[PDB]
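Enquirer: Quick one, input-v3.txt (compact mmCIF, C-alpha atoms and all ligand atoms):
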```
# COMPACT_ATOMS: atom_id res chain seq x y z
CA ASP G 1 160.55 11.71 26.05
CA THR G 2 158.00 9.23 24.56
CA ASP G 3 157.21 7.33 21.36
CA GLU G 4 153.70 8.90 21.53
CA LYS G 5 152.10 9.47 18.17
CA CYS G 6 150.52 12.58 16.88
CA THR G 7 147.06 11.18 16.44
CA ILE G 8 146.53 13.11 13.28
CA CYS G 9 149.54 12.10 11.22
CA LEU G 10 150.35 8.98 13.28
CA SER G 11 154.07 9.90 13.38
CA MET G 12 156.04 10.50 16.46
CA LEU G 13 154.87 13.53 18.31
CA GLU G 14 158.41 14.19 19.38
CA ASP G 15 159.98 14.42 16.00
CA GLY G 16 161.48 17.73 14.85
CA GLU G 17 158.16 19.38 14.40
CA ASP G 18 156.44 22.08 16.36
CA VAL G 19 153.78 20.71 18.60
CA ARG G 20 150.69 22.49 19.66
CA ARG G 21 148.91 21.78 22.87
CA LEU G 22 145.22 22.49 22.88
CA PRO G 23 143.49 23.89 25.99
CA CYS G 24 142.30 20.35 26.87
CA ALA G 25 146.07 19.60 27.01
CA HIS G 26 146.04 17.21 24.06
CA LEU G 27 149.09 17.60 21.94
CA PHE G 28 149.56 17.27 18.24
CA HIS G 29 151.96 18.44 15.74
CA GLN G 30 151.22 22.04 15.09
CA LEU G 31 150.92 21.53 11.39
CA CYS G 32 148.60 18.62 11.90
CA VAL G 33 146.14 20.11 14.34
CA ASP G 34 146.29 23.53 12.73
CA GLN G 35 144.83 22.03 9.61
CA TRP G 36 142.11 20.46 11.66
CA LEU G 37 141.30 23.49 13.76
CA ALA G 38 141.06 25.65 10.69
CA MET G 39 137.94 23.65 9.95
CA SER G 40 136.83 22.55 13.39
CA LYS G 41 136.87 23.96 16.85
CA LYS G 42 137.09 20.50 18.38
CA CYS G 43 140.00 18.70 19.83
CA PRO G 44 140.48 15.67 17.61
CA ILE G 45 140.87 13.42 20.61
CA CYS G 46 138.44 14.63 23.23
CA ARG G 47 136.21 16.74 20.94
CA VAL G 48 136.22 19.54 23.47
CA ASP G 49 135.76 22.82 21.71
CA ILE G 50 139.08 24.78 21.89
CA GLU G 51 137.00 28.11 22.03
CA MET A 1 88.01 -2.11 25.35
CA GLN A 2 90.33 -3.27 22.62
CA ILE A 3 91.81 -0.79 20.30
CA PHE A 4 94.30 -1.26 17.63
CA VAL A 5 97.32 0.73 16.89
CA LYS A 6 98.53 0.32 13.39
CA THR A 7 102.05 1.29 12.85
CA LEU A 8 103.21 2.89 9.73
CA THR A 9 104.98 -0.38 8.97
CA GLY A 10 101.57 -2.14 8.94
CA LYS A 11 102.07 -3.93 12.25
CA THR A 12 98.96 -3.78 14.34
CA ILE A 13 99.12 -3.79 18.15
CA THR A 14 96.07 -4.60 20.21
CA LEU A 15 95.83 -2.56 23.34
CA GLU A 16 93.47 -3.01 26.22
CA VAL A 17 92.24 0.41 27.14
CA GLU A 18 89.32 2.23 28.69
CA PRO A 19 87.50 5.12 27.04
CA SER A 20 88.86 7.43 29.78
CA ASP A 21 92.49 6.47 29.06
CA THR A 22 94.48 9.51 28.05
CA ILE A 23 96.50 9.59 24.89
CA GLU A 24 99.47 9.82 27.25
CA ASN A 25 98.35 6.48 28.77
CA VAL A 26 97.99 4.89 25.38
CA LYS A 27 101.46 6.05 24.57
CA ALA A 28 102.64 4.49 27.81
CA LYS A 29 101.01 1.20 26.79
CA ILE A 30 102.77 1.36 23.48
CA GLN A 31 105.99 2.11 25.34
CA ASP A 32 105.32 -0.87 27.58
CA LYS A 33 104.55 -3.12 24.61
CA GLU A 34 107.12 -1.72 22.13
CA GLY A 35 109.82 0.10 24.14
CA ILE A 36 109.10 3.28 22.16
CA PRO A 37 109.32 6.43 24.25
CA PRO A 38 106.00 8.34 24.34
CA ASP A 39 107.69 11.47 23.02
CA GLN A 40 108.50 9.52 19.79
CA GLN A 41 104.92 8.54 19.26
CA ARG A 42 102.51 10.45 17.16
CA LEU A 43 99.13 8.89 17.49
CA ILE A 44 96.56 9.58 14.89
CA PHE A 45 92.98 8.52 14.71
CA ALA A 46 90.77 9.13 11.82
CA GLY A 47 92.97 11.90 10.41
CA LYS A 48 93.34 13.63 13.71
CA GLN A 49 96.48 13.87 15.77
CA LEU A 50 95.76 12.70 19.29
CA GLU A 51 96.87 15.08 21.97
CA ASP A 52 98.42 13.75 25.14
CA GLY A 53 96.08 15.32 27.65
CA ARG A 54 92.92 14.30 25.84
CA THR A 55 91.15 10.98 26.34
CA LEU A 56 90.23 8.24 23.95
CA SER A 57 86.55 9.17 24.35
CA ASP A 58 87.27 12.85 23.47
CA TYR A 59 88.18 11.50 20.05
CA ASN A 60 85.28 9.03 19.78
CA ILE A 61 87.74 6.16 19.77
CA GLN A 62 85.59 3.15 20.59
CA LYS A 63 86.31 -0.54 20.73
CA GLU A 64 88.00 -1.84 17.66
CA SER A 65 89.13 1.65 16.59
CA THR A 66 92.53 1.66 14.97
CA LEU A 67 94.83 4.44 15.81
CA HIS A 68 97.93 4.97 13.80
CA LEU A 69 101.33 5.27 15.25
CA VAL A 70 103.95 7.28 13.49
CA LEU A 71 107.31 7.51 15.12
CA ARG A 72 109.19 10.75 15.27
CA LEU A 73 112.62 10.13 13.81
CA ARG A 74 115.43 12.65 13.09
CA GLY A 75 117.46 12.88 9.85
CA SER I 1 150.73 14.30 0.91
CA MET I 2 149.59 13.97 4.47
CA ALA I 3 146.70 11.84 3.25
CA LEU I 4 149.00 9.40 1.62
CA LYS I 5 151.46 9.31 4.54
CA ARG I 6 148.63 8.60 6.79
CA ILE I 7 146.91 6.06 4.60
CA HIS I 8 150.22 4.23 4.24
CA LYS I 9 150.77 4.33 7.96
CA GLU I 10 147.37 2.95 8.60
CA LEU I 11 147.88 0.25 5.99
CA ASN I 12 151.22 -0.67 7.48
CA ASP I 13 149.69 -0.83 10.93
CA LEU I 14 146.94 -3.05 9.59
CA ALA I 15 149.47 -5.36 7.99
CA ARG I 16 151.47 -5.43 11.16
CA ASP I 17 148.45 -6.10 13.37
CA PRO I 18 145.55 -7.32 11.25
CA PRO I 19 142.14 -7.19 12.82
CA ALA I 20 140.01 -10.31 13.17
CA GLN I 21 136.76 -8.87 12.05
CA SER I 22 137.77 -6.86 9.06
CA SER I 23 140.17 -6.62 6.25
CA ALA I 24 141.01 -3.70 4.22
CA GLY I 25 143.39 -2.36 1.72
CA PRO I 26 143.90 -0.30 -1.38
CA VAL I 27 142.38 -1.29 -4.65
CA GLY I 28 145.35 -2.12 -6.85
CA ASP I 29 147.43 0.98 -7.26
CA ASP I 30 144.90 3.24 -5.65
CA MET I 31 145.91 4.19 -2.17
CA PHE I 32 142.89 6.45 -1.82
CA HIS I 33 140.38 3.75 -2.69
CA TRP I 34 140.23 0.83 -0.37
CA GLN I 35 138.05 -2.18 -0.18
CA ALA I 36 137.20 -3.56 3.17
CA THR I 37 135.18 -6.32 4.69
CA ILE I 38 133.59 -6.35 7.97
CA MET I 39 132.11 -9.29 9.62
CA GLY I 40 128.46 -9.19 10.48
CA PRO I 41 128.73 -9.07 14.25
CA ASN I 42 127.93 -12.08 16.30
CA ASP I 43 124.56 -11.73 17.96
CA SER I 44 123.39 -9.31 15.28
CA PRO I 45 121.17 -10.47 12.43
CA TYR I 46 124.20 -9.88 10.22
CA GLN I 47 126.19 -12.61 11.90
CA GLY I 48 128.02 -14.86 9.50
CA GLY I 49 127.81 -12.28 6.76
CA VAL I 50 130.79 -10.75 5.23
CA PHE I 51 130.13 -7.20 4.24
CA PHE I 52 132.17 -5.49 1.65
CA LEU I 53 132.84 -1.88 1.85
CA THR I 54 134.39 0.66 -0.45
CA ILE I 55 136.37 3.37 1.13
CA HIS I 56 137.52 6.56 -0.49
CA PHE I 57 139.98 8.59 1.33
CA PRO I 58 139.69 12.21 0.40
CA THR I 59 142.79 13.93 -0.65
CA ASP I 60 142.67 15.98 2.58
CA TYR I 61 142.28 12.87 4.73
CA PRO I 62 142.43 12.76 7.65
CA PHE I 63 141.01 16.19 7.93
CA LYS I 64 137.96 14.97 6.12
CA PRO I 65 136.41 11.64 6.74
CA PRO I 66 136.83 8.74 4.44
CA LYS I 67 133.80 8.03 2.36
CA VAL I 68 132.72 4.59 3.33
CA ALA I 69 129.95 2.71 1.71
CA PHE I 70 128.73 -0.80 1.73
CA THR I 71 128.90 -2.58 -1.51
CA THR I 72 127.25 -5.63 0.00
CA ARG I 73 123.56 -5.02 0.21
CA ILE I 74 122.47 -4.87 3.81
CA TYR I 75 119.24 -4.31 5.60
CA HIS I 76 119.90 -1.71 8.18
CA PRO I 77 118.32 1.55 9.23
CA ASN I 78 121.51 3.52 8.80
CA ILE I 79 122.65 2.03 5.56
CA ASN I 80 120.76 2.62 2.43
CA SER I 81 120.50 0.70 -0.82
CA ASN I 82 123.48 2.61 -2.30
CA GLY I 83 125.37 1.53 0.69
CA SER I 84 125.69 4.92 2.20
CA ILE I 85 126.18 4.81 5.84
CA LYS I 86 124.68 7.25 8.17
CA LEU I 87 127.22 7.26 10.87
CA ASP I 88 128.16 10.45 12.75
CA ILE I 89 131.94 9.89 12.64
CA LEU I 90 131.66 9.75 8.89
CA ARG I 91 129.98 13.12 8.75
CA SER I 92 129.75 15.71 11.54
CA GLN I 93 131.69 13.80 14.21
CA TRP I 94 134.71 12.98 12.09
CA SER I 95 137.92 13.61 13.85
CA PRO I 96 141.29 13.35 12.20
CA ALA I 97 142.37 11.19 15.13
CA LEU I 98 140.07 8.52 13.80
CA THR I 99 141.53 5.88 11.60
CA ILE I 100 140.04 3.53 9.18
CA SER I 101 140.40 0.81 11.75
CA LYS I 102 138.25 2.80 14.18
CA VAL I 103 135.83 3.58 11.44
CA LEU I 104 135.41 -0.08 10.67
CA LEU I 105 134.93 -0.76 14.34
CA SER I 106 132.20 1.91 14.51
CA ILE I 107 130.61 0.43 11.45
CA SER I 108 130.67 -2.94 13.11
CA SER I 109 129.08 -1.42 16.24
CA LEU I 110 126.56 0.24 13.99
CA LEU I 111 125.68 -3.21 12.66
CA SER I 112 125.38 -4.56 16.16
CA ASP I 113 123.49 -1.53 17.41
CA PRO I 114 121.63 0.38 14.79
CA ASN I 115 120.65 4.00 15.30
CA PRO I 116 117.07 3.83 14.19
CA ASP I 117 116.28 7.25 15.64
CA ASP I 118 118.67 8.84 13.19
CA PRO I 119 118.00 6.64 10.31
CA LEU I 120 119.05 6.73 6.77
CA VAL I 121 116.26 4.34 5.86
CA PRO I 122 113.22 5.23 7.84
CA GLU I 123 111.19 2.21 6.84
CA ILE I 124 113.77 -0.07 8.35
CA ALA I 125 114.22 2.12 11.37
CA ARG I 126 110.53 1.92 11.95
CA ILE I 127 110.48 -1.86 11.67
CA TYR I 128 113.55 -1.96 13.94
CA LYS I 129 111.74 0.08 16.56
CA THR I 130 108.36 -1.58 16.42
CA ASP I 131 109.00 -5.10 15.22
CA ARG I 132 112.53 -6.01 16.05
CA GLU I 133 111.96 -9.64 15.17
CA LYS I 134 110.87 -8.69 11.68
CA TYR I 135 113.90 -6.49 11.35
CA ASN I 136 116.05 -9.37 12.59
CA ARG I 137 114.39 -11.76 10.17
CA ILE I 138 114.81 -9.48 7.18
CA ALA I 139 118.35 -8.50 8.04
CA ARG I 140 119.15 -12.20 8.50
CA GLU I 141 117.52 -13.02 5.18
CA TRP I 142 119.47 -10.25 3.48
CA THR I 143 122.62 -11.39 5.14
CA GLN I 144 122.01 -14.88 3.93
CA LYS I 145 121.13 -13.62 0.50
CA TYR I 146 123.88 -11.07 0.00
CA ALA I 147 126.63 -11.50 2.49
CA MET I 148 127.17 -15.23 2.77
ZN ZN D 1 151.11 15.02 13.31
ZN ZN D 2 141.49 17.36 23.65
```
Could you take the file, read its structure, and then write that structure out as structure tokens?
Expert:
Amino acid sequence: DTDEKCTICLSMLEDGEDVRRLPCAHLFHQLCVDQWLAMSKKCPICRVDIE
Amino acid sequence: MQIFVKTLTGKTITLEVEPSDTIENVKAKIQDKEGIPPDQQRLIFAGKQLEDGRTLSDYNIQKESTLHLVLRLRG
Amino acid sequence: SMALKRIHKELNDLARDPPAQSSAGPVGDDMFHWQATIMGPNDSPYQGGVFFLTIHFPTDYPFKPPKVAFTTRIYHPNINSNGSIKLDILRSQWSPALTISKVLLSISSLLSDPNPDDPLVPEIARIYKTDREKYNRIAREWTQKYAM
């Protein structure tokens, strides 16, 4: 129940949007990180490969 | 025995060495003087790459010889 | 546009909390093209210099890194004479969690601590590695000449 930002779009993580948690447990909006992970295997925050 | 090590940048380093000093040793002296890891140093004398386990004398590097240092850099 | 939302957000955050060491913003109407300055770091040979940068946010920012180039000439092993910057987070290590503010900070660290082993400009990297004082002198002279 936080004002934590999706680090990709910089909007509230807890807005309406679907969130996705990566295996490193970092959370993003789904839409946001999906677009990243389509082109990268790496968590945007910790750079741990999701695969 | 003084030898010179000319860098690619034109800087010349004078090293005190012995003919029996290994290329590895010379690299260590350069490391000591310049902070350059030995594995980044290519040492060349007279058109010949100096190999770590060989000695200065094996290459007929005598006093006042100038070796050339070329650093290994990535890109 | 996610790029634009994000660029705006970053701009707004900059305006809300401006950094000391840098300034940046869009060029006129162009939200995707920013100009920025970074200060030559204290205790680097760039100290005192103000370095101008041009930033182009790609239209798929932040999924692709901003293009960031110096417009101020600078003598540095990772910055070439076109002002291209060889900095990992601007190429292979980009993450969309990075922000222009963080980029400018990394550029500033890059000024303080060049990466001469992955140089853009080998000649300078070589001087940096074997004659730091010469590098410092030249970078100071170039700072004085171009960035002051
Ligand atoms: Zn988001
Ligand atoms: Zn992560």
Enquirer: Write out as a PyMOL selection string which residues come within 8 Å of stretch 7-18 of chain I when counting all atoms listed in the file, dropping same-chain ones fewer than 5 positions away.
Expert: (chain G and resi 10) or (chain I and resi 23+25+31-32+99-101)
Enquirer: Which residues of chain G come within 10 Å of ligand ZN 2 (chain D), and what is each one's closest atom pair and distance in Å (one decimal), counting only C-alpha atoms and all ligand atoms, sorted by chain and residue number, as JSON lines?
Expert:
```
{"residue": "G:21", "atom": "CA", "partner": "D:ZN2", "partner_atom": "ZN", "distance": 8.7}
{"residue": "G:22", "atom": "CA", "partner": "D:ZN2", "partner_atom": "ZN", "distance": 6.4}
{"residue": "G:23", "atom": "CA", "partner": "D:ZN2", "partner_atom": "ZN", "distance": 7.2}
{"residue": "G:24", "atom": "CA", "partner": "D:ZN2", "partner_atom": "ZN", "distance": 4.5}
{"residue": "G:25", "atom": "CA", "partner": "D:ZN2", "partner_atom": "ZN", "distance": 6.1}
{"residue": "G:26", "atom": "CA", "partner": "D:ZN2", "partner_atom": "ZN", "distance": 4.6}
{"residue": "G:27", "atom": "CA", "partner": "D:ZN2", "partner_atom": "ZN", "distance": 7.8}
{"residue": "G:28", "atom": "CA", "partner": "D:ZN2", "partner_atom": "ZN", "distance": 9.7}
{"residue": "G:42", "atom": "CA", "partner": "D:ZN2", "partner_atom": "ZN", "distance": 7.5}
{"residue": "G:43", "atom": "CA", "partner": "D:ZN2", "partner_atom": "ZN", "distance": 4.3}
{"residue": "G:44", "atom": "CA", "partner": "D:ZN2", "partner_atom": "ZN", "distance": 6.4}
{"residue": "G:45", "atom": "CA", "partner": "D:ZN2", "partner_atom": "ZN", "distance": 5.0}
{"residue": "G:46", "atom": "CA", "partner": "D:ZN2", "partner_atom": "ZN", "distance": 4.1}
{"residue": "G:47", "atom": "CA", "partner": "D:ZN2", "partner_atom": "ZN", "distance": 6.0}
{"residue": "G:48", "atom": "CA", "partner": "D:ZN2", "partner_atom": "ZN", "distance": 5.7}
{"residue": "G:49", "atom": "CA", "partner": "D:ZN2", "partner_atom": "ZN", "distance": 8.1}
{"residue": "G:50", "atom": "CA", "partner": "D:ZN2", "partner_atom": "ZN", "distance": 8.0}
```
Enquirer: Mind giving me the straight-line distance from atom CA of residue I:46 to atom CA of residue I:118 in Å, one decimal?
Expert: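 Separation of atom CA of residue I:46 and atom CA of residue I:118: 19.7 Å.
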Enquirer: Residues at most 12 Å from residue A:22, counting all atoms listed in the file, excluding those fewer than 4 positions away in the same chain, as number ranges by chain?
Expert: A: 17-18, 26-29, 43, 50-59, 61
Enquirer: Step by step, measure atom-to-atom distances between ligand ZN 1 (chain D) and each residue using only C-alpha atoms and all ligand atoms, keep those at most 12 Å, then write them as a PyMOL selection string.
Expert: (chain G and resi 4-21+27-36+44) or (chain I and resi 2-3+5-6+9+62-63+96-97)
Enquirer: Restricting the calculation to all atoms listed in the file, which member of A:5, A:23, A:46, A:36 is positioned closest to chain I?
Expert: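 When distances to chain I are compared using all atoms listed in the file, the smallest one comes from A:36.
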Enquirer: Fewer than 5 positions away in the same chain doesn't count, so skip those; otherwise give me all residues within 12 Å of residue I:36, counting only C-alpha atoms, as a list in words.
Expert: residues 11, 14, 19, 21, 22, 23, 24, 25, 26, 27, 50, 51, 52, 53, 54, 55, 56, 68, 69, 70, 71, 72, 100, 101, 103, 104, 105, 107 and 108 of chain I
Enquirer: Once you count only C-alpha atoms, what closest atom pair and distance in Å to one decimal does each residue of chain A within 10 Å of chain I have, with rows by chain and rising residue number, as a tab-separated table?
Expert:
```
residue	atom	partner	partner_atom	distance
A:7	CA	I:130	CA	7.8
A:8	CA	I:126	CA	7.7
A:9	CA	I:127	CA	6.3
A:10	CA	I:127	CA	9.3
A:11	CA	I:131	CA	7.6
A:12	CA	I:130	CA	9.9
A:13	CA	I:130	CA	9.7
A:30	CA	I:130	CA	9.5
A:31	CA	I:130	CA	9.9
A:33	CA	I:130	CA	9.2
A:34	CA	I:130	CA	5.8
A:35	CA	I:129	CA	7.8
A:36	CA	I:129	CA	7.0
A:40	CA	I:117	CA	9.1
A:69	CA	I:130	CA	9.9
A:70	CA	I:126	CA	8.6
A:71	CA	I:126	CA	7.2
A:72	CA	I:117	CA	7.9
A:73	CA	I:117	CA	5.0
A:74	CA	I:118	CA	5.0
A:75	CA	I:118	CA	5.4
```
Enquirer: From the options A:66, A:2, A:14, A:19, which residue's atoms come nearest to residue A:44, counting all atoms listed in the file?
Expert: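 That would be A:66, the residue with the smallest distance to residue A:44.
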Enquirer: Do you have the atom CA of residue I:20-atom CA of residue I:128 distance handy?
Expert: 27.8 Å
Enquirer: Output as a PDB file, in the frame of the given file: stretch 25-50 of chain G, completed with N, CA, C and O atoms.
Expert:
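rebuild-v8.pdb written:
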```
ATOM      1  N   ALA G  25     144.746  20.140  26.769  1.00  0.00           N
ATOM      2  CA  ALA G  25     146.070  19.600  27.010  1.00  0.00           C
ATOM      3  C   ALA G  25     146.458  18.495  26.042  1.00  0.00           C
ATOM      4  O   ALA G  25     147.548  17.982  26.124  1.00  0.00           O
ATOM      5  N   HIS G  26     145.604  18.135  25.091  1.00  0.00           N
ATOM      6  CA  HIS G  26     146.040  17.210  24.060  1.00  0.00           C
ATOM      7  C   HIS G  26     147.020  17.903  23.141  1.00  0.00           C
ATOM      8  O   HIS G  26     146.881  19.073  22.809  1.00  0.00           O
ATOM      9  N   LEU G  27     147.988  17.124  22.720  1.00  0.00           N
ATOM     10  CA  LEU G  27     149.090  17.600  21.940  1.00  0.00           C
ATOM     11  C   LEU G  27     149.047  16.960  20.595  1.00  0.00           C
ATOM     12  O   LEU G  27     148.719  15.777  20.457  1.00  0.00           O
ATOM     13  N   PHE G  28     149.472  17.729  19.611  1.00  0.00           N
ATOM     14  CA  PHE G  28     149.560  17.270  18.240  1.00  0.00           C
ATOM     15  C   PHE G  28     150.688  17.993  17.667  1.00  0.00           C
ATOM     16  O   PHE G  28     151.123  18.991  18.224  1.00  0.00           O
ATOM     17  N   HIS G  29     151.143  17.542  16.523  1.00  0.00           N
ATOM     18  CA  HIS G  29     151.960  18.440  15.740  1.00  0.00           C
ATOM     19  C   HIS G  29     151.148  19.697  15.404  1.00  0.00           C
ATOM     20  O   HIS G  29     149.939  19.666  15.128  1.00  0.00           O
ATOM     21  N   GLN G  30     151.837  20.802  15.413  1.00  0.00           N
ATOM     22  CA  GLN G  30     151.220  22.040  15.090  1.00  0.00           C
ATOM     23  C   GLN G  30     150.612  22.015  13.700  1.00  0.00           C
ATOM     24  O   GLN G  30     149.478  22.365  13.503  1.00  0.00           O
ATOM     25  N   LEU G  31     151.381  21.555  12.747  1.00  0.00           N
ATOM     26  CA  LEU G  31     150.920  21.530  11.390  1.00  0.00           C
ATOM     27  C   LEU G  31     149.681  20.691  11.279  1.00  0.00           C
ATOM     28  O   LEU G  31     148.731  21.083  10.623  1.00  0.00           O
ATOM     29  N   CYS G  32     149.705  19.550  11.932  1.00  0.00           N
ATOM     30  CA  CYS G  32     148.600  18.620  11.900  1.00  0.00           C
ATOM     31  C   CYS G  32     147.308  19.213  12.473  1.00  0.00           C
ATOM     32  O   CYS G  32     146.299  19.294  11.811  1.00  0.00           O
ATOM     33  N   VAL G  33     147.360  19.667  13.703  1.00  0.00           N
ATOM     34  CA  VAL G  33     146.140  20.110  14.340  1.00  0.00           C
ATOM     35  C   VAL G  33     145.719  21.444  13.785  1.00  0.00           C
ATOM     36  O   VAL G  33     144.552  21.684  13.701  1.00  0.00           O
ATOM     37  N   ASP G  34     146.657  22.293  13.382  1.00  0.00           N
ATOM     38  CA  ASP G  34     146.290  23.530  12.730  1.00  0.00           C
ATOM     39  C   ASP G  34     145.343  23.293  11.571  1.00  0.00           C
ATOM     40  O   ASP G  34     144.424  24.044  11.349  1.00  0.00           O
ATOM     41  N   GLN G  35     145.651  22.290  10.772  1.00  0.00           N
ATOM     42  CA  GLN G  35     144.830  22.030   9.610  1.00  0.00           C
ATOM     43  C   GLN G  35     143.448  21.563  10.020  1.00  0.00           C
ATOM     44  O   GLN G  35     142.490  21.900   9.376  1.00  0.00           O
ATOM     45  N   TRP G  36     143.375  20.851  11.115  1.00  0.00           N
ATOM     46  CA  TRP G  36     142.110  20.460  11.660  1.00  0.00           C
ATOM     47  C   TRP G  36     141.347  21.630  12.214  1.00  0.00           C
ATOM     48  O   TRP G  36     140.177  21.819  11.896  1.00  0.00           O
ATOM     49  N   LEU G  37     142.004  22.422  13.048  1.00  0.00           N
ATOM     50  CA  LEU G  37     141.300  23.490  13.760  1.00  0.00           C
ATOM     51  C   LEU G  37     140.891  24.646  12.870  1.00  0.00           C
ATOM     52  O   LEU G  37     140.052  25.459  13.242  1.00  0.00           O
ATOM     53  N   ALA G  38     141.487  24.718  11.681  1.00  0.00           N
ATOM     54  CA  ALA G  38     141.060  25.650  10.690  1.00  0.00           C
ATOM     55  C   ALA G  38     139.628  25.326  10.285  1.00  0.00           C
ATOM     56  O   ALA G  38     138.931  26.174   9.878  1.00  0.00           O
ATOM     57  N   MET G  39     139.250  24.083  10.379  1.00  0.00           N
ATOM     58  CA  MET G  39     137.940  23.650   9.950  1.00  0.00           C
ATOM     59  C   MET G  39     137.067  23.164  11.083  1.00  0.00           C
ATOM     60  O   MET G  39     135.913  22.905  10.872  1.00  0.00           O
ATOM     61  N   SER G  40     137.601  23.051  12.272  1.00  0.00           N
ATOM     62  CA  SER G  40     136.830  22.550  13.390  1.00  0.00           C
ATOM     63  C   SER G  40     137.309  23.241  14.636  1.00  0.00           C
ATOM     64  O   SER G  40     138.464  23.538  14.780  1.00  0.00           O
ATOM     65  N   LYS G  41     136.438  23.419  15.584  1.00  0.00           N
ATOM     66  CA  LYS G  41     136.870  23.960  16.850  1.00  0.00           C
ATOM     67  C   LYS G  41     137.254  22.849  17.824  1.00  0.00           C
ATOM     68  O   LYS G  41     137.523  23.126  18.977  1.00  0.00           O
ATOM     69  N   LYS G  42     137.191  21.592  17.408  1.00  0.00           N
ATOM     70  CA  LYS G  42     137.090  20.500  18.380  1.00  0.00           C
ATOM     71  C   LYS G  42     138.431  19.821  18.483  1.00  0.00           C
ATOM     72  O   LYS G  42     139.091  19.545  17.479  1.00  0.00           O
ATOM     73  N   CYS G  43     138.847  19.551  19.695  1.00  0.00           N
ATOM     74  CA  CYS G  43     140.000  18.700  19.830  1.00  0.00           C
ATOM     75  C   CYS G  43     139.735  17.365  19.151  1.00  0.00           C
ATOM     76  O   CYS G  43     138.724  16.760  19.371  1.00  0.00           O
ATOM     77  N   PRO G  44     140.660  16.916  18.305  1.00  0.00           N
ATOM     78  CA  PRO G  44     140.480  15.670  17.610  1.00  0.00           C
ATOM     79  C   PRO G  44     140.279  14.479  18.512  1.00  0.00           C
ATOM     80  O   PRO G  44     139.598  13.525  18.118  1.00  0.00           O
ATOM     81  N   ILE G  45     140.860  14.546  19.705  1.00  0.00           N
ATOM     82  CA  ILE G  45     140.870  13.420  20.610  1.00  0.00           C
ATOM     83  C   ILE G  45     139.672  13.497  21.498  1.00  0.00           C
ATOM     84  O   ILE G  45     138.910  12.580  21.531  1.00  0.00           O
ATOM     85  N   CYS G  46     139.509  14.587  22.233  1.00  0.00           N
ATOM     86  CA  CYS G  46     138.440  14.630  23.230  1.00  0.00           C
ATOM     87  C   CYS G  46     137.214  15.398  22.729  1.00  0.00           C
ATOM     88  O   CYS G  46     136.203  15.436  23.403  1.00  0.00           O
ATOM     89  N   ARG G  47     137.303  15.997  21.545  1.00  0.00           N
ATOM     90  CA  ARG G  47     136.210  16.740  20.940  1.00  0.00           C
ATOM     91  C   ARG G  47     135.755  17.942  21.721  1.00  0.00           C
ATOM     92  O   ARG G  47     134.757  18.558  21.370  1.00  0.00           O
ATOM     93  N   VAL G  48     136.506  18.314  22.742  1.00  0.00           N
ATOM     94  CA  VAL G  48     136.220  19.540  23.470  1.00  0.00           C
ATOM     95  C   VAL G  48     136.577  20.690  22.531  1.00  0.00           C
ATOM     96  O   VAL G  48     137.651  20.708  21.906  1.00  0.00           O
ATOM     97  N   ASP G  49     135.612  21.586  22.407  1.00  0.00           N
ATOM     98  CA  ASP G  49     135.760  22.820  21.710  1.00  0.00           C
ATOM     99  C   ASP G  49     136.989  23.551  22.280  1.00  0.00           C
ATOM    100  O   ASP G  49     137.063  23.755  23.479  1.00  0.00           O
ATOM    101  N   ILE G  50     137.942  23.936  21.433  1.00  0.00           N
ATOM    102  CA  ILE G  50     139.080  24.780  21.890  1.00  0.00           C
ATOM    103  C   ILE G  50     138.691  26.235  22.259  1.00  0.00           C
ATOM    104  O   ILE G  50     139.492  26.908  22.900  1.00  0.00           O
TER     105      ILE G  50
END
```
